[PDB]
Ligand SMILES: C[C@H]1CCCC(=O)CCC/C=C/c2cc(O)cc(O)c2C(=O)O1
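Here you get one chain, nothing else, as structure tokens; it is the form solved without the ligand.
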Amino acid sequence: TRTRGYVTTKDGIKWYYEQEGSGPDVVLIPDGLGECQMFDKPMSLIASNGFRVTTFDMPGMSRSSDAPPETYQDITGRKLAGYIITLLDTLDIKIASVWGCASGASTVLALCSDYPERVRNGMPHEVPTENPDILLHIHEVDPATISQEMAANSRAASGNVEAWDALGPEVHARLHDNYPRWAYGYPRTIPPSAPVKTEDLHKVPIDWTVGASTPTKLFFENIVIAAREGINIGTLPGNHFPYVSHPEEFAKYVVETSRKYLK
């Protein structure tokens, strides 16, 4: 049974979150778009394997939109990690296996580096280290343009346009409003702040991934860093949203990976 709710943390954010299952904690941090409904399908799969899974809309995004502007402006992995930690304390989550793509991945690494005690294992996916030229000036145009552009960009990187489309009108309407907000506070500050320094990656176990169909250059640097640092690195079917494109495989990956760090 899926638990759905809202909670107001001490930092003023009114979080929308979902939980399912019991057992060791698994946390699914969304990507930059901050829409946790993208994890709906995988959520059940994971939970069914003896895990309590928690996900949520990111501050200022979708259902967690009632939050202070600072929580969605000048965003970095560490900033977002700070918020997550507060939320986890509020939900009494002591330690967890954390997944995250893009900014969510930056957050995972930030958590791995600065709050090692709260992380059982980190699963970052496509950590932004550079700013694709397709973005670059995405925070200068009008909201409608950003929305139209980012929707096309996101769908293109979906790894499966059918499944992407099948997220539904509710989700896409929420995504429509998130795009501009994302554009103003993420692309410029997230990449440069990526916690990929040597000292950020060895406090807890890390299992890094990149989209199998993602063009090599986009996250080439992720692979080189992982390899050079001796961190498990691999691919997942799909591109930027494996949890949407290939929910069964995504679930299997998260379950198998987390399972190996449990007693």
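Throughout, we count residues from 1 along the sequence that is shown.
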>> Mean CA temperature factor from the deposited coordinates, higher in 137-145 or in 118-126?
In response: 137-145
>> Regarding 149-157 and 97-105, which shows the higher C-alpha temperature factor on average in the entry?
In response: 149-157
> Highest Cα B-factor in the PDB entry belongs to which of 69, 32, 42, 215?
Replying inline: 69
> By its CA B factor, does residue 193 count among the lowest, middle or highest third of the modelled residues in the chain?
Replying inline: middle
> Lowest, middle or highest third: where is residue 8 by C-alpha B factor in its chain?
Replying inline: lowest
>> How does the C-alpha B factor of residue 246 compare with the rest of the chain: lowest, middle or highest third?
In response: lowest
> Going by the entry, which third of its chain does the Cα temperature factor of residue 78 land in?
Replying inline: lowest
> Looking at the C-alpha B-factor of residue 237, is it in the lowest, middle or highest third of its chain?
Replying inline: middle
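One more form of this protein should be noted, the form deposited with the ligand bound, which is absent from this view; the next part is about it.
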>> Tell me which stretch of 116-124, 132-140, 89-97, 165-173 has a heavy atom within 4.5 angstroms of the ligand in the entry with it bound.
In response: 132-140
> Using a 4.5 Å heavy atom cut-off, are 208, 216 and 250 all in contact with the ligand in the entry with it bound?
Replying inline: no
> So which of 193, 145, 73, 153 gets a non-hydrogen atom within 4.5 Å of the ligand in the entry with it bound?
Replying inline: 153
> Does residue 33 make contact with the ligand in the entry with it bound, using a 4.5 Å heavy atom cut-off?
Replying inline: yes
> Would residue 81 show up as a contact with the ligand in the entry with it bound if we use heavy atoms at 4.5 Å?
Replying inline: no
>> Whether residue 159 contacts the ligand in the entry with it bound should be assessed with a 4.5 Å heavy atom distance threshold; does it?
In response: no
> Does the 4.5 Å heavy atom contact test between residue 77 and the ligand in the entry with it bound come out positive?
Replying inline: no
